[PDB]
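Here's run01.pdb, which has PDB, C-alpha atoms:
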MODEL        1
ATOM      1  CA  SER A   4      47.947 257.336 -15.067
ATOM      2  CA  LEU A   5      46.282 254.073 -16.090
ATOM      3  CA  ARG A   6      43.231 252.862 -14.150
ATOM      4  CA  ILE A   7      44.615 249.403 -13.304
ATOM      5  CA  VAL A   8      42.852 246.380 -11.846
ATOM      6  CA  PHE A   9      45.316 244.005 -10.196
ATOM      7  CA  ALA A  10      44.514 240.235 -10.082
ATOM      8  CA  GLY A  11      46.642 237.776  -8.086
ATOM      9  CA  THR A  12      46.831 235.711  -4.931
ATOM     10  CA  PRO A  13      50.132 234.564  -3.350
ATOM     11  CA  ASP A  14      53.374 236.299  -2.335
ATOM     12  CA  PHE A  15      54.724 236.545  -5.906
ATOM     13  CA  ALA A  16      51.571 238.559  -6.829
ATOM     14  CA  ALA A  17      51.800 240.676  -3.674
ATOM     15  CA  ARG A  18      55.292 241.839  -4.696
ATOM     16  CA  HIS A  19      53.932 243.194  -7.972
ATOM     17  CA  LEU A  20      50.900 244.892  -6.330
ATOM     18  CA  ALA A  21      53.283 246.466  -3.814
ATOM     19  CA  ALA A  22      55.383 247.895  -6.674
ATOM     20  CA  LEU A  23      52.268 249.236  -8.406
ATOM     21  CA  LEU A  24      50.930 250.899  -5.214
ATOM     22  CA  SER A  25      54.249 252.750  -4.872
ATOM     23  CA  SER A  26      53.855 253.880  -8.518
ATOM     24  CA  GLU A  27      52.058 256.538 -10.617
ATOM     25  CA  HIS A  28      49.105 254.402 -11.735
ATOM     26  CA  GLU A  29      45.763 254.206  -9.940
ATOM     27  CA  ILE A  30      44.935 250.767  -8.550
ATOM     28  CA  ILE A  31      41.169 250.864  -8.668
ATOM     29  CA  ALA A  32      40.455 247.323  -7.535
ATOM     30  CA  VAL A  33      42.114 244.092  -6.573
ATOM     31  CA  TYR A  34      40.938 240.600  -7.569
ATOM     32  CA  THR A  35      42.189 237.714  -5.463
ATOM     33  CA  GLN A  36      41.265 234.298  -4.070
ATOM     34  CA  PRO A  37      41.034 233.018  -0.485
ATOM     35  CA  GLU A  38      43.622 230.533   0.952
ATOM     36  CA  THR A  48      42.483 233.171   5.214
ATOM     37  CA  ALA A  49      43.072 236.480   3.384
ATOM     38  CA  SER A  50      45.730 236.170   0.675
ATOM     39  CA  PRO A  51      48.835 238.421   0.962
ATOM     40  CA  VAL A  52      47.375 240.318  -2.003
ATOM     41  CA  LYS A  53      44.087 240.907  -0.065
ATOM     42  CA  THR A  54      45.943 242.148   3.014
ATOM     43  CA  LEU A  55      47.988 244.672   0.948
ATOM     44  CA  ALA A  56      44.868 245.914  -0.822
ATOM     45  CA  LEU A  57      43.102 246.507   2.496
ATOM     46  CA  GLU A  58      46.041 248.468   3.896
ATOM     47  CA  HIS A  59      45.545 250.880   0.975
ATOM     48  CA  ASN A  60      41.718 251.030   1.108
ATOM     49  CA  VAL A  61      41.527 249.349  -2.353
ATOM     50  CA  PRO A  62      38.259 247.476  -3.145
ATOM     51  CA  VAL A  63      38.713 243.704  -3.141
ATOM     52  CA  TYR A  64      36.775 241.273  -5.380
ATOM     53  CA  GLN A  65      36.915 237.476  -5.009
ATOM     54  CA  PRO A  66      34.912 235.677  -7.682
ATOM     55  CA  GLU A  67      35.288 231.864  -8.006
ATOM     56  CA  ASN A  68      35.371 232.147 -11.794
ATOM     57  CA  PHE A  69      34.238 234.313 -14.734
ATOM     58  CA  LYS A  70      31.402 232.001 -15.901
ATOM     59  CA  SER A  71      28.493 234.116 -14.508
ATOM     60  CA  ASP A  72      27.226 237.282 -16.273
ATOM     61  CA  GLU A  73      27.303 239.050 -12.909
ATOM     62  CA  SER A  74      31.095 238.456 -12.621
ATOM     63  CA  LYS A  75      31.781 239.870 -16.115
ATOM     64  CA  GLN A  76      29.531 242.874 -15.522
ATOM     65  CA  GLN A  77      31.072 243.691 -12.143
ATOM     66  CA  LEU A  78      34.482 243.815 -13.867
ATOM     67  CA  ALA A  79      33.135 245.924 -16.737
ATOM     68  CA  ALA A  80      31.653 248.481 -14.344
ATOM     69  CA  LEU A  81      35.140 249.294 -13.039
ATOM     70  CA  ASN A  82      36.026 250.930 -16.347
ATOM     71  CA  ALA A  83      39.550 249.655 -16.174
ATOM     72  CA  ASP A  84      42.260 250.734 -18.628
ATOM     73  CA  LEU A  85      44.272 247.617 -17.960
ATOM     74  CA  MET A  86      44.252 244.540 -15.843
ATOM     75  CA  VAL A  87      47.592 243.261 -14.536
ATOM     76  CA  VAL A  88      47.411 239.541 -13.656
ATOM     77  CA  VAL A  89      50.126 237.730 -11.641
ATOM     78  CA  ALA A  90      49.722 234.233 -10.158
ATOM     79  CA  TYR A  91      45.929 234.271 -10.368
ATOM     80  CA  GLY A  92      44.210 230.938 -10.766
ATOM     81  CA  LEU A  93      41.080 231.963 -12.778
ATOM     82  CA  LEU A  94      40.738 231.189 -16.471
ATOM     83  CA  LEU A  95      40.087 234.486 -18.218
ATOM     84  CA  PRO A  96      37.754 234.064 -21.166
ATOM     85  CA  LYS A  97      38.122 236.297 -24.289
ATOM     86  CA  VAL A  98      35.379 238.728 -23.170
ATOM     87  CA  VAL A  99      37.163 239.262 -19.818
ATOM     88  CA  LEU A 100      40.555 239.569 -21.526
ATOM     89  CA  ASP A 101      38.942 242.252 -23.685
ATOM     90  CA  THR A 102      37.111 244.072 -20.880
ATOM     91  CA  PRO A 103      39.859 246.507 -19.920
ATOM     92  CA  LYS A 104      40.544 249.113 -22.621
ATOM     93  CA  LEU A 105      44.147 247.778 -23.043
ATOM     94  CA  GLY A 106      43.470 244.155 -22.221
ATOM     95  CA  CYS A 107      45.192 242.028 -19.590
ATOM     96  CA  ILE A 108      48.946 241.698 -19.082
ATOM     97  CA  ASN A 109      50.653 238.873 -17.165
ATOM     98  CA  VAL A 110      54.058 238.470 -15.502
ATOM     99  CA  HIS A 111      55.273 234.958 -16.327
ATOM    100  CA  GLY A 112      58.366 233.460 -14.592
ATOM    101  CA  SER A 113      60.221 232.236 -17.651
ATOM    102  CA  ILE A 114      61.725 233.421 -20.939
ATOM    103  CA  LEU A 115      58.716 232.640 -23.071
ATOM    104  CA  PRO A 116      57.999 230.655 -25.191
ATOM    105  CA  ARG A 117      59.930 228.208 -23.064
ATOM    106  CA  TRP A 118      58.241 226.938 -19.889
ATOM    107  CA  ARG A 119      54.698 227.910 -20.526
ATOM    108  CA  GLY A 120      52.488 226.739 -17.619
ATOM    109  CA  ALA A 121      52.666 226.071 -13.940
ATOM    110  CA  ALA A 122      56.278 225.310 -12.783
ATOM    111  CA  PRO A 123      58.621 227.450 -14.901
ATOM    112  CA  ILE A 124      61.115 228.425 -12.216
ATOM    113  CA  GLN A 125      61.576 224.813 -11.047
ATOM    114  CA  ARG A 126      61.748 223.343 -14.525
ATOM    115  CA  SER A 127      64.324 225.895 -15.801
ATOM    116  CA  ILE A 128      66.619 224.753 -12.968
ATOM    117  CA  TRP A 129      65.757 221.040 -13.360
ATOM    118  CA  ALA A 130      66.559 221.143 -17.104
ATOM    119  CA  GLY A 131      69.885 222.989 -16.557
ATOM    120  CA  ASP A 132      69.026 226.103 -18.480
ATOM    121  CA  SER A 133      71.876 228.654 -18.438
ATOM    122  CA  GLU A 134      69.445 231.499 -17.838
ATOM    123  CA  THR A 135      65.845 232.300 -17.123
ATOM    124  CA  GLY A 136      63.807 235.366 -16.469
ATOM    125  CA  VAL A 137      60.419 237.048 -16.562
ATOM    126  CA  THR A 138      58.203 237.801 -19.541
ATOM    127  CA  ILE A 139      55.556 240.497 -19.553
ATOM    128  CA  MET A 140      52.874 239.072 -21.795
ATOM    129  CA  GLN A 141      49.750 240.379 -23.410
ATOM    130  CA  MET A 142      47.306 237.676 -22.397
ATOM    131  CA  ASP A 143      45.411 235.875 -25.237
ATOM    132  CA  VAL A 144      43.193 232.808 -25.312
ATOM    133  CA  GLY A 145      45.273 229.696 -24.452
ATOM    134  CA  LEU A 146      47.876 228.702 -21.899
ATOM    135  CA  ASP A 147      50.586 231.345 -21.863
ATOM    136  CA  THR A 148      50.332 231.909 -25.685
ATOM    137  CA  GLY A 149      50.074 235.692 -25.750
ATOM    138  CA  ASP A 150      52.447 238.129 -27.373
ATOM    139  CA  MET A 151      55.577 239.111 -25.497
ATOM    140  CA  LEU A 152      56.027 242.787 -24.568
ATOM    141  CA  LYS A 153      59.174 242.581 -22.490
ATOM    142  CA  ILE A 154      61.705 240.020 -21.360
ATOM    143  CA  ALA A 155      64.195 240.444 -18.514
ATOM    144  CA  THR A 156      66.787 237.717 -17.995
ATOM    145  CA  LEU A 157      69.147 236.457 -15.281
ATOM    146  CA  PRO A 158      71.709 233.644 -15.186
ATOM    147  CA  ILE A 159      70.914 230.474 -13.286
ATOM    148  CA  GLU A 160      73.860 230.133 -10.903
ATOM    149  CA  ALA A 161      75.356 226.792 -10.001
ATOM    150  CA  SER A 162      74.072 227.364  -6.417
ATOM    151  CA  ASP A 163      70.525 228.411  -7.385
ATOM    152  CA  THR A 164      67.555 226.493  -6.020
ATOM    153  CA  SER A 165      63.919 227.092  -6.900
ATOM    154  CA  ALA A 166      63.844 229.075  -3.579
ATOM    155  CA  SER A 167      66.731 231.389  -4.390
ATOM    156  CA  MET A 168      65.583 231.816  -7.993
ATOM    157  CA  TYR A 169      62.025 232.588  -6.877
ATOM    158  CA  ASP A 170      63.500 235.314  -4.616
ATOM    159  CA  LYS A 171      65.353 236.876  -7.562
ATOM    160  CA  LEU A 172      62.379 236.729  -9.927
ATOM    161  CA  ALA A 173      60.108 238.209  -7.236
ATOM    162  CA  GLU A 174      62.352 241.309  -7.557
ATOM    163  CA  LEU A 175      62.958 241.210 -11.328
ATOM    164  CA  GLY A 176      59.251 240.728 -12.195
ATOM    165  CA  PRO A 177      58.030 243.960 -10.611
ATOM    166  CA  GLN A 178      60.921 245.964 -12.057
ATOM    167  CA  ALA A 179      60.181 244.626 -15.561
ATOM    168  CA  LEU A 180      56.433 245.163 -15.153
ATOM    169  CA  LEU A 181      56.807 248.807 -14.163
ATOM    170  CA  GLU A 182      59.195 249.429 -17.126
ATOM    171  CA  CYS A 183      56.748 247.771 -19.488
ATOM    172  CA  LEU A 184      53.817 249.781 -17.998
ATOM    173  CA  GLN A 185      55.604 253.081 -18.681
ATOM    174  CA  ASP A 186      56.075 251.960 -22.341
ATOM    175  CA  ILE A 187      52.370 251.159 -22.598
ATOM    176  CA  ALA A 188      51.362 254.517 -21.022
ATOM    177  CA  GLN A 189      53.616 256.344 -23.456
ATOM    178  CA  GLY A 190      52.581 254.359 -26.586
ATOM    179  CA  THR A 191      56.011 252.832 -27.153
ATOM    180  CA  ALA A 192      55.418 249.141 -26.274
ATOM    181  CA  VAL A 193      56.163 246.537 -28.956
ATOM    182  CA  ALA A 194      54.432 243.101 -29.060
ATOM    183  CA  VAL A 195      56.357 240.064 -30.313
ATOM    184  CA  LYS A 196      54.426 236.972 -31.364
ATOM    185  CA  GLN A 197      55.592 233.754 -29.754
ATOM    186  CA  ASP A 198      56.960 231.022 -32.005
ATOM    187  CA  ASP A 199      55.004 227.826 -31.075
ATOM    188  CA  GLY A 200      57.840 225.669 -32.452
ATOM    189  CA  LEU A 201      60.144 226.759 -29.644
ATOM    190  CA  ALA A 202      57.534 226.490 -26.871
ATOM    191  CA  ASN A 203      57.289 223.859 -24.192
ATOM    192  CA  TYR A 204      55.425 223.348 -20.883
ATOM    193  CA  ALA A 205      56.676 223.303 -17.321
ATOM    194  CA  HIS A 206      54.841 220.406 -15.764
ATOM    195  CA  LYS A 207      54.119 220.430 -12.035
ATOM    196  CA  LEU A 208      56.494 218.618  -9.663
ATOM    197  CA  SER A 209      55.609 215.579  -7.552
ATOM    198  CA  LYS A 210      56.878 213.558  -4.605
ATOM    199  CA  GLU A 211      57.156 210.541  -6.887
ATOM    200  CA  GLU A 212      59.457 212.355  -9.403
ATOM    201  CA  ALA A 213      61.622 213.554  -6.483
ATOM    202  CA  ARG A 214      62.527 209.989  -5.446
ATOM    203  CA  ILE A 215      66.175 209.623  -6.515
ATOM    204  CA  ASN A 216      66.958 207.130  -9.257
ATOM    205  CA  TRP A 217      70.620 206.318  -8.735
ATOM    206  CA  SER A 218      70.893 205.017 -12.302
ATOM    207  CA  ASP A 219      70.394 208.640 -13.494
ATOM    208  CA  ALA A 220      73.426 210.819 -14.214
ATOM    209  CA  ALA A 221      74.816 212.585 -11.090
ATOM    210  CA  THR A 222      74.429 215.898 -12.956
ATOM    211  CA  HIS A 223      70.723 215.248 -13.416
ATOM    212  CA  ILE A 224      70.236 214.220  -9.713
ATOM    213  CA  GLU A 225      72.103 217.369  -8.621
ATOM    214  CA  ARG A 226      69.805 219.614 -10.708
ATOM    215  CA  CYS A 227      66.844 217.864  -9.151
ATOM    216  CA  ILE A 228      68.199 218.483  -5.686
ATOM    217  CA  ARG A 229      68.242 222.239  -6.398
ATOM    218  CA  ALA A 230      65.020 222.412  -8.434
ATOM    219  CA  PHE A 231      63.025 220.378  -5.969
ATOM    220  CA  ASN A 232      64.015 222.727  -3.093
ATOM    221  CA  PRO A 233      61.767 223.912  -1.439
ATOM    222  CA  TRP A 234      59.229 221.320  -2.556
ATOM    223  CA  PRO A 235      59.056 218.305  -2.588
ATOM    224  CA  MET A 236      62.785 217.879  -1.773
ATOM    225  CA  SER A 237      64.781 215.133  -3.496
ATOM    226  CA  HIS A 238      64.812 212.004  -1.378
ATOM    227  CA  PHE A 239      66.179 208.491  -1.140
ATOM    228  CA  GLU A 240      65.587 205.416   1.009
ATOM    229  CA  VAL A 241      67.915 203.755   3.429
ATOM    230  CA  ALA A 242      67.255 201.278   6.235
ATOM    231  CA  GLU A 243      63.538 201.998   6.440
ATOM    232  CA  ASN A 244      63.771 205.731   6.040
ATOM    233  CA  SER A 245      63.219 208.556   3.596
ATOM    234  CA  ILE A 246      66.182 210.971   3.662
ATOM    235  CA  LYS A 247      65.808 214.415   2.112
ATOM    236  CA  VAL A 248      68.780 215.808   0.251
ATOM    237  CA  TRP A 249      69.388 219.513   0.830
ATOM    238  CA  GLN A 250      72.839 219.892  -0.722
ATOM    239  CA  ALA A 251      75.081 217.908  -3.011
ATOM    240  CA  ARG A 252      77.827 218.279  -5.632
ATOM    241  CA  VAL A 253      78.999 216.231  -8.609
ATOM    242  CA  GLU A 254      82.458 214.675  -8.771
ATOM    243  CA  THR A 255      83.583 213.826 -12.306
ATOM    244  CA  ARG A 256      84.788 210.293 -11.774
ATOM    245  CA  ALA A 257      84.370 207.181 -13.902
ATOM    246  CA  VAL A 258      82.097 204.779 -12.035
ATOM    247  CA  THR A 259      82.962 201.087 -11.644
ATOM    248  CA  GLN A 260      80.373 200.128  -9.020
ATOM    249  CA  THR A 261      76.574 199.551  -9.093
ATOM    250  CA  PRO A 262      74.603 202.808  -8.960
ATOM    251  CA  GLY A 263      73.744 203.671  -5.397
ATOM    252  CA  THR A 264      76.981 202.202  -3.966
ATOM    253  CA  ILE A 265      78.647 204.242  -1.261
ATOM    254  CA  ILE A 266      82.234 204.726  -2.418
ATOM    255  CA  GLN A 267      83.447 207.051   0.321
ATOM    256  CA  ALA A 268      81.897 208.432   3.489
ATOM    257  CA  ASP A 269      83.513 211.174   5.594
ATOM    258  CA  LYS A 270      83.136 214.851   6.522
ATOM    259  CA  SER A 271      83.829 215.884   2.913
ATOM    260  CA  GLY A 272      80.880 213.866   1.603
ATOM    261  CA  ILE A 273      78.955 210.699   1.224
ATOM    262  CA  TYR A 274      80.048 209.751  -2.288
ATOM    263  CA  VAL A 275      77.555 207.681  -4.197
ATOM    264  CA  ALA A 276      78.009 205.914  -7.550
ATOM    265  CA  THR A 277      75.432 206.883 -10.168
ATOM    266  CA  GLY A 278      74.761 206.119 -13.882
ATOM    267  CA  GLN A 279      77.369 208.803 -14.741
ATOM    268  CA  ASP A 280      79.914 210.326 -12.370
ATOM    269  CA  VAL A 281      79.591 210.447  -8.551
ATOM    270  CA  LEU A 282      76.984 212.324  -6.530
ATOM    271  CA  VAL A 283      78.493 213.673  -3.317
ATOM    272  CA  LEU A 284      75.813 214.160  -0.628
ATOM    273  CA  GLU A 285      76.673 217.159   1.644
ATOM    274  CA  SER A 286      73.579 218.034   3.673
ATOM    275  CA  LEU A 287      70.823 215.508   4.563
ATOM    276  CA  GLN A 288      67.545 215.535   6.487
ATOM    277  CA  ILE A 289      66.667 212.580   8.570
ATOM    278  CA  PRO A 290      62.885 212.500   9.368
ATOM    279  CA  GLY A 291      62.205 214.658  12.489
ATOM    280  CA  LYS A 292      65.407 216.703  12.463
ATOM    281  CA  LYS A 293      66.853 219.762  10.817
ATOM    282  CA  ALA A 294      69.129 219.070   7.894
ATOM    283  CA  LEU A 295      72.656 218.258   9.025
ATOM    284  CA  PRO A 296      76.131 218.273   7.338
ATOM    285  CA  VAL A 297      77.073 214.713   6.524
ATOM    286  CA  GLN A 298      79.893 214.869   9.156
ATOM    287  CA  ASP A 299      77.109 214.997  11.773
ATOM    288  CA  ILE A 300      74.992 212.337   9.986
ATOM    289  CA  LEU A 301      77.918 209.874   9.996
ATOM    290  CA  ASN A 302      78.404 210.423  13.729
ATOM    291  CA  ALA A 303      74.797 209.569  14.489
ATOM    292  CA  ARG A 304      74.122 206.830  11.923
ATOM    293  CA  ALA A 305      77.437 205.645  10.410
ATOM    294  CA  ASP A 306      75.603 202.280   9.992
ATOM    295  CA  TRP A 307      73.235 203.489   7.263
ATOM    296  CA  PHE A 308      76.152 204.790   5.097
ATOM    297  CA  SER A 309      78.883 202.248   5.263
ATOM    298  CA  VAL A 310      81.297 202.159   2.382
ATOM    299  CA  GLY A 311      80.395 199.379  -0.066
ATOM    300  CA  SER A 312      76.691 199.317   0.893
ATOM    301  CA  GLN A 313      74.030 200.285  -1.651
ATOM    302  CA  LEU A 314      71.389 203.014  -1.283
ATOM    303  CA  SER A 315      67.902 202.448  -2.732
TER     304      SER A 315
ENDMDL
END

As structure tokens, how would this structure be written, given the file I've shared?
Amino acid sequence: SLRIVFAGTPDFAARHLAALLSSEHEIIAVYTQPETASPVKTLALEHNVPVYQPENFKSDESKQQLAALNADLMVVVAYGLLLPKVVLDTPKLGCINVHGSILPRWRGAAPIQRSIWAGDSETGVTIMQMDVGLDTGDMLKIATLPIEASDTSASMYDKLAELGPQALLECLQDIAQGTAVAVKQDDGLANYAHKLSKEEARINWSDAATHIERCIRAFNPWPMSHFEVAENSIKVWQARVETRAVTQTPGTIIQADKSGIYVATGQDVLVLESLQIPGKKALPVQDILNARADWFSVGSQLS
């Protein structure tokens, strides 16, 4: 039974701590950040586990407090602190991370969203031995899943929040037993998952419909893909692509009925299916065309 320190803050971290508390290893302390108590903090308290909340590991006091725990391992999931070398090396077996991609692809902050946005055929979780640098450490275990045509960043997050803990616990048993194997990442295949933004989520109708459709899924739940019509910002919750040679200016409404609002793009047609008018829950387009048939008249051009 490893003496484990768990470090992490939001729900994705809490799922891993929960799995560890129902396991064989001793959780001797939890490190987390405030938001309000984090979900990680609340779980720790329910199990009478000491909670530490440093702002960073710059002070000698912070490094010493960690050292005095005599940890065998620190497991780090969705924890915002930079861990310097000395901290990485404080636990007897170092620090392991659960990262939400198939490393070395999508190092960094937005791996779930970017895997979907780029149209990867699969993604997964990597259990990584943390080293100095952004997500550069050796890979101990990878678990993969297909990205389904219906997957959003929400639905994929939900799957990886289950897969991550399962993979972690399997990897931890390998470590405990002395059977883990580290694989060095190849830098030449690495890239970085840059954060999302409201500005990038504005639809450019000159893009390929396939690309807009991946955005619509990747940018759910945040920021939501959006376009402008009349004087309003409409959020797109669901769409599909229709393979159809385009002969009209991108943004032109080609067809508008219960089956879709069909919009010309730079390649193929984007069929809007569920839209959110400011104020209101997202509606099927059948309902949108009842209310505001005027904004989506055939032959008019969306911006």

> Selected by the PyMOL selection byres ((chain A and resi 313) around 10) in the shown coordinates: which residues, as a ChimeraX atom specification?
Replying inline: /A:217,241,260-266,275-276,307-312,314-315

>> Evaluated on this file, the PyMOL selection byres ((chain A and resi 51) around 9) picks out some residues - which ones are they, written as a ChimeraX atom specification?
In response: /A:12-14,16-17,49-50,52-56

Take the residues from that selection and put them in a file with C-alpha atoms, as a PDB file, keeping the file's coordinate frame.
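Output contents, as saved in part_30.pdb:
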ATOM      1  CA  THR A  12      46.831 235.711  -4.931  1.00  0.00           C
ATOM      2  CA  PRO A  13      50.132 234.564  -3.350  1.00  0.00           C
ATOM      3  CA  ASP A  14      53.374 236.299  -2.335  1.00  0.00           C
ATOM      4  CA  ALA A  16      51.571 238.559  -6.829  1.00  0.00           C
ATOM      5  CA  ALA A  17      51.800 240.676  -3.674  1.00  0.00           C
ATOM      6  CA  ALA A  49      43.072 236.480   3.384  1.00  0.00           C
ATOM      7  CA  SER A  50      45.730 236.170   0.675  1.00  0.00           C
ATOM      8  CA  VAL A  52      47.375 240.318  -2.003  1.00  0.00           C
ATOM      9  CA  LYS A  53      44.087 240.907  -0.065  1.00  0.00           C
ATOM     10  CA  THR A  54      45.943 242.148   3.014  1.00  0.00           C
ATOM     11  CA  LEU A  55      47.988 244.672   0.948  1.00  0.00           C
ATOM     12  CA  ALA A  56      44.868 245.914  -0.822  1.00  0.00           C
TER      13      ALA A  56
END

>> I'd like the residues picked by the PyMOL selection byres ((chain A and resi 212) around 12) written out as a ChimeraX atom specification, using the chain letters and numbers from the file.
In response: /A:129,206-211,213-216,224,227-228,230-231,234-239

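Interatomic distance, atom CA of residue 6 of chain A to atom CA of residue 80 of chain A: 12.4 Å.
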
> At a cut-off of 12 Å from (63.9, 221.0, 7.4) in the coordinates of the file, what residues are picked up using all atoms listed in the file, written as a ChimeraX atom specification?
Replying inline: /A:232-236,246-249,286-295

Could you give me, as a tab-separated table, every segment 81-180 of chain A residue with an atom at most 12 Å from segment 27-48 of chain A, plus its closest atom pair and distance in Å to one decimal, counting all atoms listed in the file, rows ordered by chain then number?
residue	atom	partner	partner_atom	distance
A:81	CA	A:31	CA	7.6
A:82	CA	A:31	CA	9.2
A:83	CA	A:31	CA	7.8
A:84	CA	A:29	CA	10.0
A:85	CA	A:30	CA	9.9
A:86	CA	A:33	CA	9.5
A:87	CA	A:33	CA	9.7
A:88	CA	A:34	CA	8.9
A:89	CA	A:35	CA	10.1
A:90	CA	A:35	CA	9.5
A:91	CA	A:35	CA	7.1
A:92	CA	A:36	CA	8.0
A:93	CA	A:36	CA	9.0

> In Å, how far is it from atom CA of residue 154 of chain A to atom CA of residue 140 of chain A?
Replying inline: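 If I compute the distance from atom CA of residue 154 of chain A to atom CA of residue 140 of chain A, I get 8.9 Å.
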
> Counting all atoms listed in the file, which of A:75, A:304, A:153, A:97 gets nearest to residue 113 of chain A?
Replying inline: A:153

>> Quick check, in Å to one decimal: how far apart do atom CA of residue 171 of chain A and atom CA of residue 188 of chain A lie?
In response: 26.2 Å

Given all atoms listed in the file, how would the per-residue table for segment 157-260 of chain A near segment 116-122 of chain A read, listing every residue at most 10 Å away with its closest atom pair and distance in Å to one decimal, sorted by chain and number, as CSV?
residue,atom,partner,partner_atom,distance
A:165,CA,A:122,CA,9.8
A:196,CA,A:116,CA,9.5
A:197,CA,A:116,CA,6.0
A:198,CA,A:116,CA,6.9
A:199,CA,A:116,CA,7.2
A:200,CA,A:116,CA,8.8
A:201,CA,A:116,CA,6.3
A:202,CA,A:116,CA,4.5
A:203,CA,A:117,CA,5.2
A:204,CA,A:119,CA,4.6
A:205,CA,A:118,CA,4.7
A:206,CA,A:122,CA,5.9
A:207,CA,A:122,CA,5.4
A:208,CA,A:122,CA,7.4

> residue 76 of chain A: which residues within 10 Å, counting all atoms listed in the file, same-chain residues fewer than 5 positions away excluded, as an NGL selection string?
Replying inline: :A and (69 or 71 or 81 or 99 or 102)

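When all atoms listed in the file are used to measure the gap to residue 179 of chain A, the shortest distance among A:191, A:167, A:162, A:156 belongs to A:156.
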
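Residue nearest residue 124 of chain A within the list A:164, A:277, A:185, A:74: A:164 [criterion: smallest interatomic distance, only C-alpha atoms].
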
Which centre and which edge lengths, in Å to one decimal, describe the axis-aligned box that holds all listed atoms of segment 275-279 of chain A after 5 Å is added on each side, as lines of an AutoDock Vina configuration file?
center_x = 76.4
center_y = 207.4
center_z = -9.5
size_x = 13.2
size_y = 12.9
size_z = 20.5
